[PDB]
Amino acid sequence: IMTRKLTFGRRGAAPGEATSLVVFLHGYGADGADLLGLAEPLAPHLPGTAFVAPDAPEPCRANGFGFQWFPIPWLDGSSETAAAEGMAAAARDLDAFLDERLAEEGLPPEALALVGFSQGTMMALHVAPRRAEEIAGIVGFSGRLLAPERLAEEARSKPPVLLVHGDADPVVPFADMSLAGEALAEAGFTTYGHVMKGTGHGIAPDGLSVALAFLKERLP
């Protein structure tokens, strides 16, 4: 079948000159541009890093101009089958996208990290472990692990994962952080956590700070 080509923005290290690559994965109803803005405070501390943020391949069922990786039944009326098929198709697309970025940036998988937010975190946690080669790592903000029971079997690679979550998150339950964390840890992933105390569904400065330290240490 066919992959949908993802549009994306870029920041950071001059083309041709990237030592490493961070791919931002936005949340439901958003777009690449929002998260890519995090490249501003991060870039000076990650000199040779290129930042990219694709737009999810489908229009968002719940808003006018945003994108979704896949639909969310409890929210937008989609069926569970549509949600599942959507995730598989989005994973197909993102996998192809990562290959393309690594190919064009001239980098190996160990110099790529994924940084997700919410639905984007679900995408990162699904796609990365299923890659043939282990990437540098995953930072997952405010998200969850969609199919924990499958992780065991299907994980082909096991990059380190930092999960960051607000303990007052009103849309993705804080408990999902521990649930995702233990599924990962038990499957052999080196897993880290940071709790954004008093934070809702968003990225607070302390969350960005810990993500930076994690990336700075993992990226070549």
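When you see a residue number, it is the position in the sequence shown, counting from 1.
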Higher avg CA temperature factor (58-66 vs 156-164, as deposited) belongs to 156-164
14-22 versus 206-214 - greater average Cα B-factor per the deposited record: 14-22
Looking at 181, 27, 37, 48, which one carries the largest C-alpha B-factor according to the PDB entry? 48
Peak C-alpha temperature factor (PDB record), options 53, 195, 172, 187: 187
Using the temperature factors of the C-alpha atoms in this entry, rank residue 78 within its chain: lowest, middle or highest third. middle
Quick check for you: using the entry's CA B-factors within this chain, is residue 120 in the lowest, middle or highest third? lowest
Against its chain's modelled residues, does residue 106's Cα B factor rank lowest, middle or highest third? highest
Which third, lowest, middle or highest, does the CA B-factor of residue 139 fall in along this chain? lowest
If you rank the chain by CA B-factor, which third does residue 87 end up in: lowest, middle or highest? middle
